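*Asks:*
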Amino acid sequence: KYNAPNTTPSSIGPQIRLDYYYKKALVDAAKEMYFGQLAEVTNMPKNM
Amino acid sequence: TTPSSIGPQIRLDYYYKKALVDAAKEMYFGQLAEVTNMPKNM
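Right, dumping it as structure tokens:
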């Protein structure tokens, strides 16, 4: 019997791998940018 | 402006060359005028 391993041990013995690691992870999408692309740059030089 | 380690700093600002200028007010009454010519010597 399989039972509930590591809490109620299986009949044969301990099983190493128990939880399936699904590789593809979940990442939150980047928030849309609105104010950034509304102006230009003036490029203050060095020294000053 | 606050005393730097080396000493006083002469330049503290960058003088941007381009200058802001207001656009001319859009003239409206000028274009509805019919023109008659004063012929001079007159």
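Protein sequences, first through last, are from chains C and F. Residues in the first sequence are numbered consecutively from 1, following our numbering. Residues in the second sequence are numbered consecutively from 49, following our numbering. No residue lacks a Cβ here, since even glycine has one placed at the ideal position from N, Cα and C.
Against chain C, with Cβ distances strictly below 8 Å, would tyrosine 76 (chain F) count as a contact?
*Replies:* Taking Cβ atoms only, chain C never reaches closer than 8 Å to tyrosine 76 (chain F), which makes this a no.
*Asks:* To the nearest angstrom, how far is it from the Cα of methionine 86 (chain F) to the Cα of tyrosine 76 (chain F)?
*Replies:* Answer to the nearest angstrom: the Cα atoms are 24 Å apart.
*Asks:* Please decide whether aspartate 61 (chain F) counts as near chain C, where near means a Cβ-Cβ distance under 8 Å.
*Replies:* Yes, its Cβ sits closer than 8 Å to a Cβ of chain C.
*Asks:* For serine 10 (chain C) versus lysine 1 (chain C), is the C-beta spacing smaller than 8 Å?
*Replies:* Yes, the Cβ-Cβ distance between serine 10 (chain C) and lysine 1 (chain C) is below 8 Å.
*Asks:* Measuring only between beta-carbons, confirm whether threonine 84 (chain F) sits less than 8 Å from chain B.
*Replies:* Absent here is chain B; the protein component of the structure consists of chains C and F.
*Asks:* Distance, Cα to Cα, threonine 50 (chain F) vs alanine 29 (chain C)?
*Replies:* Computed Cα separation, rounded: 44 Å.
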